[PDB]
Amino acid sequence: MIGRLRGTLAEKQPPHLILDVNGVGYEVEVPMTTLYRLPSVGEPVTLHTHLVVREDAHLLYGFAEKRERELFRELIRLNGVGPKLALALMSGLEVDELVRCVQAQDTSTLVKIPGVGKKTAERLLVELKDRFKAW
Amino acid sequence: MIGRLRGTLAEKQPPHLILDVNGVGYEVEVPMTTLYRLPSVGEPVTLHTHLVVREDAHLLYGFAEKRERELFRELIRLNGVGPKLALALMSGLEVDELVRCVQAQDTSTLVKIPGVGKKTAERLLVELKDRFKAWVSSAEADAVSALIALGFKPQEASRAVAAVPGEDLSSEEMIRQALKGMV
Amino acid sequence: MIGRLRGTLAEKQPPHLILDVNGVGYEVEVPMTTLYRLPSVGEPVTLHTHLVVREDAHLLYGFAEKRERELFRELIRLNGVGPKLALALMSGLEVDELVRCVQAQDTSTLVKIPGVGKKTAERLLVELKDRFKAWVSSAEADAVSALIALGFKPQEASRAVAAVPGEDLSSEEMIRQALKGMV
Amino acid sequence: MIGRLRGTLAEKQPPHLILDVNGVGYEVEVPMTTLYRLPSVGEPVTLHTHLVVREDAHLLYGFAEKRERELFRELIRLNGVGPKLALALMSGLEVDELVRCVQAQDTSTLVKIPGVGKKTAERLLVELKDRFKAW
Amino acid sequence: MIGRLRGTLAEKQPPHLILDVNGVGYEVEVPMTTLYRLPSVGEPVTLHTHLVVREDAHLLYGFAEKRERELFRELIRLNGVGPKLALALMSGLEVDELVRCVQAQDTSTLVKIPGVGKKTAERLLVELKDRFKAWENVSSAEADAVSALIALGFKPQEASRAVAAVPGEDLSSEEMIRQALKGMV
Amino acid sequence: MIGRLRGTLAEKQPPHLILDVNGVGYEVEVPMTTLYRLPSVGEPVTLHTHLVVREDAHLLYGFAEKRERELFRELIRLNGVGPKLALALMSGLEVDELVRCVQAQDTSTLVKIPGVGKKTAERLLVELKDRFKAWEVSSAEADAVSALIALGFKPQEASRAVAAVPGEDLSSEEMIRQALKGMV
Amino acid sequence: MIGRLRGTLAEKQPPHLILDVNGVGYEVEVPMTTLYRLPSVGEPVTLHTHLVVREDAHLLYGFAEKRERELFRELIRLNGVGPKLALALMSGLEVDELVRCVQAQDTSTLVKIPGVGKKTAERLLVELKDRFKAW
Amino acid sequence: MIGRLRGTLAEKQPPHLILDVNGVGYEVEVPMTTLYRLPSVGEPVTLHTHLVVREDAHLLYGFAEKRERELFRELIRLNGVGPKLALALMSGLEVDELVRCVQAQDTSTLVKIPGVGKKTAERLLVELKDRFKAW
DNA sequence: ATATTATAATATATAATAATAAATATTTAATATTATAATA
DNA sequence: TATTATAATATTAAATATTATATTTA
DNA sequence: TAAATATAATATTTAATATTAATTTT
């Protein structure tokens, strides 16, 4: 429901964050890559966020780009993909490397991402070969 | 919950819009008709809004007009209408023209909307037929009472009374101007 | 989650309102008495809002006083009470006579509120007597009966009687001044 | 959702609280220890709070320190622990006192907490002992 | 789960039933039209029951023959139709009556059944004519014309498809409205 | 969905039953009053049953009569009443006793049943007072109406005159006189 | 809850089917290949039945044999496909040619089976690569 | 709700069974200890079964004895134990052995069951300590 | 001197409209798949 | 002779956290 | 032998309140 959050970094406990937006500081979960692009505590910064809603909890997943949010949306739109799974996916390696791997059907490089088996990697390959459709 | 937003536009990726209201952006979509009324990037805009709560998602819908929100809400209250259908309908045609076509109950002007079946058209027209309504000063109250005594309904009298003459006019001339109308 | 809002009244259509609280407007449904004590559109006000959540919808119901909000809370806490019933009963009447009639075990006072059956009010008595631990004249009806038997229509005769009642004067004189109205 | 909240105190009716953050007053519950750690009414105060999400309601649980909220979340993650029970626990006892009671197998200190059976106390013992390895 | 029960009518209490099969009785509710042909208590009957699964209860809905069984399941398949609605429809009148009325499109036969109002009647008409019942089981002149027809007793649909069938193009109102009046005959 | 079983009592134990129907024995719980009326293990018994359908677990609850099962369905349709609460209820009191206590608005007879407090009595009375009324405009006024019709009054005017005043505990001849003296 | 059924054929109304067992008839869904294997109406025939349960109704599936029933169970255990695409698949082909086809990893033979395109064909291939034995 | 089941064994397939009770053969799974007491195929065998009702499934678990079914009910009543953990407990060891070791507060005899760790053993013993004062 | 009946009012059975309360029914969103009309 | 946007239909649906414990690789 | 890592298996409600038994004081 929130696609962008221009706030100030209140707390830094990776991989979670607090963005105190006008006194309101939400829990903000970011990947380790965004943690490298993250500035220090107290620095105002805009994160491009996504919502996950289930029956017992809501979480915020803020990103440095639109395309990161959209790709995370389409991976969680898959049936057998959880949030932490895709979190490990973009934490392991970069987005365009993932696009090149799935366009080249590189299951091996996706296997070296931690938490990912061969089966899950080839699932990702086959369900993402045509979904990108070269943009 | 959400009834209206008065915030600043952040980015435009149609149909998905982001509205940064005091530091936080709001995921809202607008119809392509409303795309013909959006301001530029960075300009403030006031959008009449209403949320939709799903089992696994919350969806925010914001329009330029409150009446558009009400018609959207009544479309959603229908048993066979989803948000995608209502957005397709209003992206095809505007609000009061659709209202008059509902008065017409004609399927030809609504079939042309892409992705819409004829069966959907007649069921929505039949279950949307007109059950809704069609879309004081001393002189004002004196005119209202005078036309009540003359037989005119108070709501019927008031709209003829308050429309044409100005504020705090002479009672005789403003009653004259109120009764100037004919049907 | 939410208890209070302090914004500006952007729009007020009954029985709801739009309170633009820091750029964000909320559709909040408030009772008739609250609407009577609300200020005009555009005046800031602080409201005792109660969080309402359904699996597929969410609402707010705000109040000018907190005790209204907690009493609404224990009314909704009953399984047999929906939000519309509570809103109707508090819109129709004030809360002090409500708690006194709970202490007095009065039903017909509650029944005259629209949408209230005898069983509904009598149940409200049944659970409220355990929920709460600490926390016109004869001549008025005689004039109405005399006018009805004389030939006057029953509701306009009562309108004339109640327009200027004989609270401090005799029945014949209040009939005399009640016949002033229709001339 | 919410991890931190910085706003002004409008009313203090225990255990309920409202915090007017830029006109928005959020109803929130804190333990009595936090209540005595509260300043007066009308001052801006920052809390480390948490939302509980479920099908019928949403309630906030504020804490003056983040570790209290973290231990709250860890307790509520258990099946037999509820928010009312947990808030009673941290109202009765200090967080570090609770940690030492867990490490020392001090059952009676949880027993003397009202509404707490000895069974539930030894549950708290046995799951917390292997849940946290002394921070 | 249940389609048929080669068993005996253990009890007969309207509108419910108990149908004993090998000592096992079932709470079965059938329409009154079925109740006319149902034999005595204890007699082995022919009745095609239907199960409806809820999170809170289950009930069995018997039918004499396949045609009203299929009719019932398809009616319940509608978004607005509940069980007691179709039960009242079958109690009031028969399958042939309702299909021959729907293909005739008269709401008057539908609405005399208790619990059946107008809106339910056009729902049945429209959502059955929506492909189930083939088998047995503008310009200023045209707007002026439509307004004149509304003022002269015409309901808007017959004023609409008459305009649609014979539209008028770049000529005066009086003649295409005249041939439309000949057209609707 | 199920109304009655003809089976064989494969095993009895408080407070459930096993009814071996064609080799299939169902877990059926019954109240103690029914349990007293049951014959020994292996005897065919007449139980009119109702299934409680919940998402995680069902409950088969049978009764020796249709009336007991019907009243249990009425009690379970109530707002705050669960099944085993009502099972304790008809374990304590019978159908005639409960019906008469409701019609007499009795509480003391039924509070001896365990689990029943004052609010239990309140809710049961408030529901059962109007859910059922009969459990398995006057002759003097009509005579007055006929007499006034014979006297020349219209039937509508005679009805209005006899309904104008609420004559009570008075004979037919004198009630006409007091009604006729009433308005005048 | 139910594994097999043994009763007399009440009627034949494909693709539905009613088996009158102890006077009690069950609605079952049957493959076309099994429709070629059914005897006349009124013949006592054994059907190995499996039940699917959803929130508002249920469907049985009377089968003439085991290994078809367990392959039905293994297929419907997949989240991407439901029972009725399985019905189309089993009406298309029997067990052994499907086993060799998935072992040969061919989508083309699955394409000709009605109601099936290409992507779901490699869904079947990928998911059933390493589930079962050759029998 | 079948409290006792008495039919003829239609077929045997571990760990399940099919008991053709006058034409209907239920999918019933019983522990291995009962399988030692199970006669051959076609014999009238009496089981004290209990149905487990789920939102998407129903499972029958037969028992040659009433008390083992009662212990199964006690085990599944525990907050973390479902049908299959109790199945492992019933298959691994005998009921009187369980009650003696619970009176002995043993753990090693529980952990040695496959699929059982220290956590589940200490759980079952400590949430089962309170019971069995009646016998 | 009794009726009678040729003109004069009359009162309500039968059309209609307006709350109202018991009784229900309670899911669409996304996506393959297959026709299908139109097309280099 | 393929080829592609559009539409009607017909399915399918939505879990994920936590342990127990295989090979495996030191 | 000690974990690592998938891998698979297995499992998955809550508040909220009304009754009742033991205790406590008078």
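Residues numbered from 1 in each chain as written, not as in the entry; some residues may be left out. Chains lettered and ligands numbered in written order. Part of a larger assembly, values for the part shown. Heavy atoms only, no water. Residues with missing side-chain atoms left out of burial classes, pairs and counts.

This entry, as listed in the PDB, derives from cryo-EM and reports a resolution of 7.02 Å.

The name the PDB entry assigns to chain F is Holliday junction ATP-dependent DNA helicase RuvA, from the organism Pseudomonas aeruginosa PAO1. Each PDB entry has a title, and for this one the record gives "CryoEM structure of RuvA-RuvB-Holliday junction complex". UniProt's Sequence similarities comment on chain F is quoted here verbatim: "Belongs to the RuvA family." (UniProt positions renumbered as here; feature names shortened; annotations may be inferred.)

As recorded by the PDB entry, chain B carries the name Holliday junction ATP-dependent DNA helicase RuvA and is attributed to Pseudomonas aeruginosa PAO1. Comment text from UniProt for chain B, heading Sequence similarities, reads "Belongs to the RuvA family."

**Examining the interface of chain E and chain G**
At the junction of the two partners, chain E supplies 13 residues and chain G supplies 18 residues. With both chains or domains summed, chain E and chain G bury close to 1,200 Å², and 51% of this area falls on carbon and sulfur atoms. On the chain E side of the interface with chain G, the three residues burying the most area are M1, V53 and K66 of chain E, jointly 52% of the side's total. On the surface where chain E and chain G come into contact, there are 2 salt bridges. One salt bridge in this structure joins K66 of chain E and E11 of chain G, with 3.5 Å as the shortest N-O distance. For the pair chain E and chain G, the interface holds 5 residue pairs in polar contact. Where the side of chain E that touches chain G is concerned, the elements lending two or more residues are β1 (2-5) and α2 (66-76) of chain E. (Contact = heavy atoms within 4.5 Å. Buried area = accessible area lost by both parts, 1.4 Å probe. Salt bridge = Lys/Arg side-chain N within 4 Å of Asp/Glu carboxyl O. Polar contact = N/O pair within 3.5 Å; in protein donor to acceptor, adjacent residues only side chain to side chain. Helix = DSSP H or I, 4+ residues; strand = E, 2+ residues; numbered from the N terminus.)

**Things to note about the pairing of strand β2 (residues 16-21) of chain A**
All names here are of chain A. Judged by how many residues are buried, β2 sits mostly within the fold: 5 of 6 residues are covered. Bridge count between strand β1 (residues 5-13) and β2: 4 bridges; the pairing is antiparallel. Counted as the bridge partner of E11 is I18 from β2. Between the antiparallel neighbours β1 and β2 lie 2 residues. (Buried < 20%, exposed > 50% of the residue type's maximum accessible area, 1.4 Å probe, protein only. Pairing = 2+ DSSP bridges.)

**Details of the protein's contact with DNA strand K**
Taken together, 26 residues sit near DNA strand K, with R77 of chain C, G115 and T120 of chain F together with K84 and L85 of chain H positioned nearest. A share of 98% is what sugar and phosphate atoms reach among the atoms of DNA strand K within 4 Å of the protein. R54 of chain F has a polar side-chain atom sitting 3.4 Å from a base oxygen of DNA strand K. In the environment of DNA strand K, a phosphate oxygen lies 2.5 Å from a nitrogen or oxygen atom belonging to the side chain of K84 of chain H. Broken down by secondary-structure element, the contributors of at least two residues to the surface near DNA strand K are α3 (83-92) of chain D, α5 (118-131) of chain F together with α3 (83-92) of chain H. When its residues are assigned to classes, the surface near DNA strand K shows 9 nonpolar, 10 polar and 7 charged. (Near = heavy atom within 4 Å. Nonpolar A, V, L, I, M, F, W, Y, C, P; charged D, E, K, R; others polar.)

**Let's talk about the protein's contact with DNA strand I**
If you check the shell around DNA strand I, you find 18 residues, and the closest are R54 of chain B, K84 of chain E together with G117, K119 and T120 of chain G. Within 4 Å of the protein, the contacting atoms of DNA strand I are 98% sugar and phosphate, with bases supplying the remainder. Between a phosphate oxygen of DNA strand I and a main-chain N or O atom of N79 of chain B, the distance comes to 2.9 Å. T120 of chain G is positioned with one of its side-chain polar atoms (N or O) 2.6 Å from a phosphate oxygen of DNA strand I. Counting only elements with at least two residues in the surface near DNA strand I, the list comes to α3 (83-92) of chain B, α3 (83-92) of chain E together with α6 (119-127) of chain G. Considered class by class, the residues forming the surface near DNA strand I number 5 nonpolar, 7 polar and 6 charged.

**Here we look at helix α4 (residues 95-104) of chain B**
Residue and element names in this part refer to chain B. Those residues of α4 that sit buried are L98, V99, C101 and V102. Each buried residue of α4 lies within a common arc of 165 degrees when the element is viewed along its axis, so the set occupies one face. Check the buried side of α4 and you find it contacts α3, α5 (108-111) and α6 (118-128). The opening residue of α4 is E94, an N-cap whose side-chain oxygen sits 3.3 Å from the backbone nitrogen of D96. (Arc of directions from axis to C-beta.)

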